[PDB]
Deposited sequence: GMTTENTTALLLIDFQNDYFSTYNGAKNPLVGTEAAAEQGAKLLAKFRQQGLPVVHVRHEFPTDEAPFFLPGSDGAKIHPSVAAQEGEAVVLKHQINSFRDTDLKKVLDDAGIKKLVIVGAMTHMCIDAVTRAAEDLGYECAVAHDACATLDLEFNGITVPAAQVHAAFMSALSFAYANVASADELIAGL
């Protein structure tokens, strides 16, 4: 029946204080989070400037959790990308943002497509993008609006830029349109 073309939601995954090295006492600082958030904020402003849907996702762990302690300031969304009234915030406890959360029900109450930003590239961004595309959403990922960190495995240390590049490459075309905040803004 009568439809809008405005079925793309901006989905911000866990831009939470513990991820920012500029946040005093951050328990899980990532590489380049501030810059990533700067780009996410750019996108945030564009969506609100249009009629478009904006959905936030936030993670909490137990009080002896390593980071994102439940109820802590460290688990609060960073002010550079803070939520506004009307914009749903989904609280999650698993890596995948659809798992045991209301995310689907939420999207299904507004959404056809997603623009994905947030953290961490190799963990929660990978998970939500692949889960979403498999569920049927057309996904894009603003690559300069996500963040990760340096990884090590069995003696090999992969710097964050390379972690990010591998995951973004993996997601590009197979699962999502991977493009700049500015490129996505331009359209």
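- Unmodelled segments of the deposited chain, in sequence order: 62, 112, 190.
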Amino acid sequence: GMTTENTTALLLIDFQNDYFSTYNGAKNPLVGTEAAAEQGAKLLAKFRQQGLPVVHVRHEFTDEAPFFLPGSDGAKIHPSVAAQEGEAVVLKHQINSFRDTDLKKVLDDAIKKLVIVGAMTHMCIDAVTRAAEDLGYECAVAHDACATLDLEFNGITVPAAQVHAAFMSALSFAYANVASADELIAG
From here on, numbers count along this sequence of modelled residues.
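- According to the PDB record, 6-14 carries the higher mean C-alpha B-factor of the two stretches 19-27 and 6-14.
- Between 43-51 and 121-129, it is 43-51 that carries the larger average Cα temperature factor according to the deposited entry.
- Out of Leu103, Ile116, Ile95, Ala75, the entry records its largest CA B-factor for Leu103.
- Annotation for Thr33: C-alpha temperature factor in the lowest third relative to the rest of the modelled chain, per the entry.
- Annotation for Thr148: CA B-factor lies in the lowest third of the chain's modelled residues.
- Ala65: CA B factor in the highest third of modelled residues in this chain (values from the PDB entry).
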